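None of the figures in this text is laboratory data; all of them are computed from the coordinates on show. Cβ placement follows ideal geometry from the backbone for every residue including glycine, while neighbour counts extend to all protein chains displayed.
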Amino acid sequence: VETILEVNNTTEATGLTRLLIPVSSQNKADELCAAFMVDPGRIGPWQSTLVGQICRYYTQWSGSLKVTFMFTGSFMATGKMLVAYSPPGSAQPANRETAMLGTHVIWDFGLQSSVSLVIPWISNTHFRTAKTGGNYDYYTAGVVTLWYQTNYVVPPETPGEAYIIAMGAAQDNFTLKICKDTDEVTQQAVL
Amino acid sequence: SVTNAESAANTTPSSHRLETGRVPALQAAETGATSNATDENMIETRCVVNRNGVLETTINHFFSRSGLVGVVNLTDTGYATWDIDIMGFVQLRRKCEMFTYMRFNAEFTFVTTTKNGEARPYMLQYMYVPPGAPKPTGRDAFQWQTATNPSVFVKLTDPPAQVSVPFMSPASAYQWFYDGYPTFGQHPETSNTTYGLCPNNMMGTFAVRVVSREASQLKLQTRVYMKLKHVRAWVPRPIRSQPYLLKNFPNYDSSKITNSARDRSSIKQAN
Amino acid sequence: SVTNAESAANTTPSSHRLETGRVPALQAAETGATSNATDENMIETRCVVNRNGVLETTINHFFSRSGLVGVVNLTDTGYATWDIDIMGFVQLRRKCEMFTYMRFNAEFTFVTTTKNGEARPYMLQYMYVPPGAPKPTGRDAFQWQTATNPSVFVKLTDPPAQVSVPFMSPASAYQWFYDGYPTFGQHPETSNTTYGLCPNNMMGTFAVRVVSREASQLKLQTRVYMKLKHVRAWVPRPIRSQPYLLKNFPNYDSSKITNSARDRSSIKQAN
Amino acid sequence: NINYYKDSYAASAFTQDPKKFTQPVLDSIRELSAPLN
Amino acid sequence: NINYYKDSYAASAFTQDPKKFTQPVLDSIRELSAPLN
Amino acid sequence: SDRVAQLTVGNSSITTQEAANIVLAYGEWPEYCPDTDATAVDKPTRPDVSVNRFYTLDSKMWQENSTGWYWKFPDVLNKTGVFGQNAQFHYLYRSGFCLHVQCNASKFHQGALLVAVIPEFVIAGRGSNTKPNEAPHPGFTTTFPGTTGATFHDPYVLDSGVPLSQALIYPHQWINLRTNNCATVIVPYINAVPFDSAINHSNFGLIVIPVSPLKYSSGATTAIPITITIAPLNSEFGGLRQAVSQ
Amino acid sequence: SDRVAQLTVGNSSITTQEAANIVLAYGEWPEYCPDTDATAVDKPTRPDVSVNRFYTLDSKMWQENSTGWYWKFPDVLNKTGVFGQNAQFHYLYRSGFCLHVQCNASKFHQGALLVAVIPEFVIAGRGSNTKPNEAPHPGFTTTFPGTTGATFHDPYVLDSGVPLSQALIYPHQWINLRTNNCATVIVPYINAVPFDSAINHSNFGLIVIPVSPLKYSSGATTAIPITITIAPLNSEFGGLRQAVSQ
Ligand SMILES: CCCCCCCCCCCCC/C=C/[C@H](O)[C@H](N)CO
Ligand SMILES: CCCCCCCCCCCCC/C=C/[C@H](O)[C@H](N)CO
């Protein structure tokens, strides 16, 4: 089931506006818009979702993922975007021509504007432990970046800033194993 | 439709599409339906026969583990009572509150330890008191004659006691969230102390004593672990992200609301 | 071809050869193949029906014996952890390092003794912590609620505990030798502290405590014996002849290299 | 699955239907087709 | 070989092929013949 | 069933909700080279996944006083990924392409873009000089722009002495900001030789040219981005040797 | 019909007039990965011509006081040709090998060379230190020598604490200067995982070790060269992304 990812989890953010990716008109081309890691058992945008809180009860996950982008903006504002998933290796790409070398989808703003980038299962081993960081950087899954294909064009008398809602879910290839405990709850004494 | 599964789903080979009108990428999230774009319509993929087992993610395998339901202190009044509610500890309460309705059996286990920790060869009586039955008022009262209540005699040097409990609710299922009032009449605006109290979940009292006529000089803690079995669930709901404050109420803190995702430098830096 | 065997091989009668061109004695060791000269072509032999059993030299019969995998000290912090690696002792490590790949199950046994040696009637909790699970930080912390981790309660006056462990690797086999690096990037020339560390062999932590709320005043050693079963092996390699120095690394001594055959007087004196 | 008691709750213990949570819509939407005309 | 558990790894437990270690050569060499011509 | 579309190649996808039809250059589909037309003896390689996907180039700015842009397509993907590595290591190359151009706008903007391919698009040298040994010739960065493109000087003659009015004989589309926000053209391998090098020879070239300028009212978004995503369908390489860049 | 031999792979050939038999490691032929053992979803690439041929490394000198040499084979071909480019751009790798070692001599020289492979050949660190956080570990150029090889320090224990007398359990041959002037070993893909990276993990490693030293009389040619020519049979690559060297 799709569930809103908290990609805007940075500081200087209010309560609910952490769920929105701001999009606005640029001046230089090819500019980057957003980026986040794919590991669901890792701290970040995959922690506000529902597949991230269920795969935290299990130790080893498998299968392909899915990220759905919905555009909340004006009806007269158009544009395009390039969502690119990059397998492990180097760090976050610095350019758009670097990101196009991975697995990308070009999505335009039209009558539907509800695109869905699939994240295929590209791993060496069958499973991946839901514990990353330090000596566990062997189970990272890659980076999902969001760039600007052309621009966010907009006519006069129309707001010049809109939002994207990113949601995340699993596929029919999803599999979970070895039940462990979660680390979101803490208790000193009995309630 | 209802489909069975012995393993996860397989993948079929795919080629390049070059045609108009066939768009498996554009969805509609406003319609309240999950996207259905699969791998065979997104990227060129190969064929794999996925034989990964999905058997240990069902409700029965997820809930059939003995957690901790209640610690009962007997720092010897002569006896110790314990209202039966499984919301005391925040480890099993979260998993149970992942769902709205649950119908299951129980398997209680009683692990009793001493002050520092020990097993002195004494005798202990655990008695279940259903709603309406008389609660014992002393360590040698007549309520401990248990002519009709289920009671268990065990020693501290014995293995931990274990019983199996059926579905004892008057309703058809246990509900962890109840939007209503048990009584009638005018309800106050200041303090609703009865809001969200389902009377179909109160199951009775659990009493424990040391079988004696004098007063044994020991203090002891008895731990009650529950393993759910034959479990059925209905109406799944989200998992709690705020810290717990009370047992029977989903209270949280107005100020100091913890965010469900830790902070990073900026939105344009995935590191 | 694949041949079965209930016993060792038999011998057939042979006579004297007097002819040219038939030479079963001259081999070629440069071709990387073992000599195949049998007894029937070397010396005149008789016929014997050899019924000696070769059944107890297989991999299953060679590895299915409980050795010693790890001693855990609890000289009571209140608890004791132990990273699970079977390379601590040089008795089973050698047999395991006779092969490159092994896929097997495990059967752990826990034998716990006291300072001098004793069995005081206390309680012990052994808990397995998988990679990623929270390690207990105290003797009464919440990580000991084991709502999902496998735990074992046993007394010191009980028989030694025993469990069976499946194949828990993400890969298809355990490899005792890994020629590579787990991470990426620039690797140093001075000290490669990560060379030869296979991440598919790290299996988690084994914690142990005494079930109490006070602090029991005893120090105790718990020994973890493993019996391999349902074992399969791949790519046999030579057996180590140098003394061991480290656990996760095949380090030896540059100077003072021990010879694999003791010295004698001369090569012309077999005595 | 052997039970030693008269009551069946004292005994010892692959259906999936995600189409009631993922796509609980009245008008069925196809895979290759656009969702709204 | 009786097992009392649902999982098969908790249970209780004559093939030989030395021709892949002794003579793993492509061209097969005979017994009575010389190895190289 | 005609304006919404999705094109998936390799591991990349392209969705669009308003568009024109998919054009097919000269009615021929790009396929592998047969054994009749082939002349090289050594066996070619076919990755078919790593090199046949959507490579996105950088974005060009769409303003009021623009002139146009042109690319040389077997030369733009000589530094990007496994396709660039194979085109550097190998010596012979043959593939078809699929070119998508996204330029979206609102319902208050107006303009027109002519997007077309020209097989063997030769750049001319501007200057009145009839002596062959002194006339001005274009530079290497003008003939082979690369992954960064190059702007026109005279879009009225296509910088080649050929009127762009007659440029509709080529495979082409129009990006009209009130009908479609993108254009797509699939091109086969058009050449007089079966295999050719992908380093010192560019088969064709795209040209986006502003016919009707971009106009809008005060308050609307000013800078209109233009993106081009391309896909080398049915790639074949041959003659593996040392790697050369140019 | 047993000593003369020719092995042709891709566009390269290897002829020999005196040799031993061709060894086949563990009796298994290197073939492509089946759909049962495979786990990655994306389709692999198969050049099958440009990457499956004979790559020749440099020549090592054969003197009187030599000790031996070792290579890490998925790491020696990471800078040479289309195989190196594919192993840098891609992320998963699987192939078998075929290793020929030429060391010819006259009928008046004598010596012996043990040439063998070791799957997962781990280099040990020499030094008596039982503290784990201070013990000496080998450098990056000692563990991964590359296309230039690395010499031993103690060939008696294979620089791993393992006696080289028992190194005959591995697939091996002998270069005896009076019987053969070369050795050949075909090796399948021996690993506990179907695909693995060809950058930070070397499957196996060859070791040429002088067992019987090189001896001759005054007047004979002194410096005896040693050459190794290898062939990655049945190569498969996967996971195309940005190029990384190490
Ligand atoms: C002393 C030996 C027998 C002990 C009998 C105790 C069992 C009777 C209580 C049944 C427990 C049912 C499970 C929990 C019920 C409700 O959901 C809780 N009140 C939750 O608030
Ligand atoms: C407390 C009762 C249950 C105890 C559970 C412990 C079993 C989990 C560990 C499995 C051990 C697998 C065998 C050894 C694994 C690797 O080969 C070693 N790390 C070798 O380095």
Please find, within the stretch G:130-145, the residue that is nearest to C:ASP253 (Cα to Cα) out of those that are more than 7 Å from chain C (Cβ to nearest Cβ) and in a loop (DSSP other than H, G, I, E, B). G:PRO136
All positions within the stretch C:1-46 that are surrounded by 10 or more Cβ atoms within 10 Å (Cβ to Cβ) and acidic (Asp, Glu): C:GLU30, C:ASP39, C:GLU40, C:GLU44
Would you mind telling me which numbered condition in (1) touching a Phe, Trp or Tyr at 6+ places or on another chain (Cβ under 7 Å); (2) within 30 Å of B:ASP76 (Cα to Cα) B:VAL129 fails? (1)
State which residue is farthest from A:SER114 (Cα to Cα) when the search covers only chain D and only residues that are within 8 Å of chain B (Cβ to nearest Cβ) and β-branched (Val, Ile, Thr). D:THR15
Restricting the stretch C:1-33 to residues that are outside any loop (DSSP other than H, G, I, E, B) and either in contact with an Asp or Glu (Cβ under 7 Å, 6 or more places away or on another chain) or of a type in the set (A, V, I, L, M, F, W, C) (or both), the residue that is farthest from the other protein chains (Cβ to nearest Cβ): C:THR11
Within the stretch G:92-129, track down each residue that is surrounded by 17 or more Cβ atoms within 10 Å (Cβ to Cβ), assigned to a loop (DSSP other than H, G, I, E, B) and either touching a helix residue (DSSP H, G or I) at 6+ places or on another chain (Cβ under 7 Å) or among the hydrophobic types (A, V, I, L, M, F, W, C) (or both). G:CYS103, G:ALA105, G:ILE118, G:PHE121, G:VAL122, G:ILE123, G:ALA124
Mind listing just one residue for me: the one in the stretch C:125-143 that is within 14 Å of C:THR205 (Cα to Cα) and part of a loop (DSSP other than H, G, I, E, B) and, of those, farthest from ligand 1 (Cβ to nearest atom)? C:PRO131
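Can you say whether B:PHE142 is surrounded by fewer than 14 Cβ atoms within 10 Å (Cβ to Cβ) and of a type in the set (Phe, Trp, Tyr), as far as the supplied structure shows? Before you say what the answer is, go through the steps one by one.
Numbers: surrounded by fewer than 14 Cβ atoms within 10 Å (Cβ to Cβ): yes; of a type in the set (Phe, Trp, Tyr): yes.
It is true that B:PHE142 is surrounded by fewer than 14 Cβ atoms within 10 Å (Cβ to Cβ) and of a type in the set (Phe, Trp, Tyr).
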If I ask for residues that are within 16 Å of ligand 2 (Cβ to nearest atom) and either part of a loop (DSSP other than H, G, I, E, B) or among the polar types (S, T, N, Q) (or both), which ones from the stretch C:34-71 would you list? C:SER64, C:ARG65, C:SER66, C:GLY67, C:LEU68, C:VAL69
Residues in the stretch B:110-124 that are more than 14 Å from ligand 1 (Cβ to nearest atom), aliphatic (A, V, I, L, M) and either within 10 Å of the chain's Cα centre (by Cα) or more than 10 Å from chain C (Cβ to nearest Cβ) (or both) total 1
Failed item, numbered, when F:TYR93 is tested on (1) closer than 16 Å to F:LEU233 by Cβ; (2) within 14 Å of chain A (Cβ to nearest Cβ): (2)
How many of the residues in the stretch B:77-109 are facing another protein chain (nearest Cβ under 8 Å), near ligand 1 (Cβ under 10 Å from one of its atoms) and of a type outside the set (A, V, I, L, M, F, W, C)? 2
Across the stretch C:144-166, what is the total count of residues that are assigned to a helix (DSSP H, G or I) and away from ligand 2 (no atom under 14 Å from the Cβ)? 1
For the stretch A:112-139, what are the residues that are outside any loop (DSSP other than H, G, I, E, B), crowded, with 23+ Cβ neighbours inside 10 Å and at the interface with chain C (Cβ under 10 Å from one of its Cβ atoms)? A:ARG128
Any residue that is more than 7 Å from every other protein chain (Cβ to nearest Cβ) and part of a strand (DSSP E or B) - is there at least one of those in the stretch A:44-58? yes
So how many residues does the stretch C:72-100 have that are away from ligand 2 (no atom under 11 Å from the Cβ) and closer than 27 Å to G:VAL162 by Cα? 8
Only one of C:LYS219, C:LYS227 that is within 14 Å of ligand 2 (Cβ to nearest atom) and out of contact with any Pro (no Cβ under 8 Å at 6 or more places or on another chain): C:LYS227
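Can we say A:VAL38 is within 14 Å of chain F (Cβ to nearest Cβ), crowded, with 21+ Cβ neighbours inside 10 Å and closer than 30 Å to F:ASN52 by Cβ? Spell out how you get there, then give the answer.
Numbers: within 14 Å of chain F (Cβ to nearest Cβ): no; crowded, with 21+ Cβ neighbours inside 10 Å: yes; closer than 30 Å to F:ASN52 by Cβ: yes.
Taking the combined requirement at face value, the residue does not satisfy it.
Any chance you could count how many residues in the stretch F:5-46 are more than 21 Å from the chain's Cα centre (by Cα) and among the polar types (S, T, N, Q)?
Number of matching residues: 4.
Okay, residues lined up against (1) buried (at least 18 other Cβ atoms within 10 Å of the Cβ); (2) among the aliphatic types (A, V, I, L, M):
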{"residue": "G:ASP2", "(1), (2)": "no, no"}
{"residue": "G:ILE14", "(1), (2)": "yes, yes"}
{"residue": "G:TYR26", "(1), (2)": "no, no"}
{"residue": "G:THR56", "(1), (2)": "no, no"}
{"residue": "G:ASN78", "(1), (2)": "yes, no"}
Subset of the stretch G:203-246 [of a type in the set (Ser, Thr, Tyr) and buried (at least 21 other Cβ atoms within 10 Å of the Cβ)]: G:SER235
So which residues in the stretch A:143-168 are surrounded by fewer than 23 Cβ atoms within 10 Å (Cβ to Cβ), farther than 30 Å from D:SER33 by Cβ and more than 8 Å from chain F (Cβ to nearest Cβ)? A:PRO159, A:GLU161
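If you go through the stretch F:147-181, how many residues are within 17 Å of F:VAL101 (Cα to Cα) and under 16 Å from the mean Cα position of the chain (by Cα)? So that I can check it myself, show each step before the final result.
Pass one, the stretch F:147-181, residues within 17 Å of F:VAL101 (Cα to Cα): F:147-151, F:170-181.
Going one step further and asking which of them are under 16 Å from the mean Cα position of the chain (by Cα), we end up with F:147-151, F:170-175.
Total satisfying the criteria: 11.
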Could you give me the residue pairs with C-beta distances under 6 Å whose first residue belongs to the stretch C:149-165 and is over 16 Å from C:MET226 (Cα atoms) and among the hydrophobic types (A, V, I, L, M, F, W, C), whose second residue is near ligand 2 (Cβ under 10 Å from one of its atoms) and assigned to a strand (DSSP E or B) wherever it lies, and which are 6+ apart or on separate chains? C:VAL152/C:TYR126; C:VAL152/C:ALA161; C:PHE153/C:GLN125; C:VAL154/C:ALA161
Anything in the stretch B:147-166 that is hydroxyl-bearing (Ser, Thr, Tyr), surrounded by fewer than 16 Cβ atoms within 10 Å (Cβ to Cβ) and more than 8 Å from ligand 1 (Cβ to nearest atom)? List them, or say none. B:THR148, B:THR157
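What residue, of C:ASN200, C:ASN192, is away from ligand 1 (no atom under 16 Å from the Cβ), more than 13 Å from chain B (Cβ to nearest Cβ) and in contact with a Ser or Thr (Cβ under 6 Å, 6 or more places away or on another chain)?
So the residue among C:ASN200, C:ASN192 that is away from ligand 1 (no atom under 16 Å from the Cβ), more than 13 Å from chain B (Cβ to nearest Cβ) and in contact with a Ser or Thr (Cβ under 6 Å, 6 or more places away or on another chain) is C:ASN200.
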On the given criteria, is A:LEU101 crowded, with 24+ Cβ neighbours inside 10 Å and more than 16 Å from the chain's Cα centre (by Cα)? yes
Among (1) surrounded by fewer than 13 Cβ atoms within 10 Å (Cβ to Cβ); (2) polar (S, T, N, Q); (3) assigned to a loop (DSSP other than H, G, I, E, B), F:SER160 falls short only on (1)
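Could you run through the stretch F:28-81 and say how many residues are part of a helix (DSSP H, G or I) and over 21 Å from G:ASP48 (Cα atoms)?
If we filter the stretch F:28-81 for residues that are part of a helix (DSSP H, G or I), which is where we start, we get F:73-76, F:81.
Keeping just the survivors that are over 21 Å from G:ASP48 (Cα atoms) gives F:73-76.
Total meeting the criteria: 4.
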Looking at the stretch C:240-252, can you tell me whether even one residue there is among the hydrophobic types (A, V, I, L, M, F, W, C), crowded, with 19+ Cβ neighbours inside 10 Å and facing chain G (nearest Cβ under 8 Å)? yes
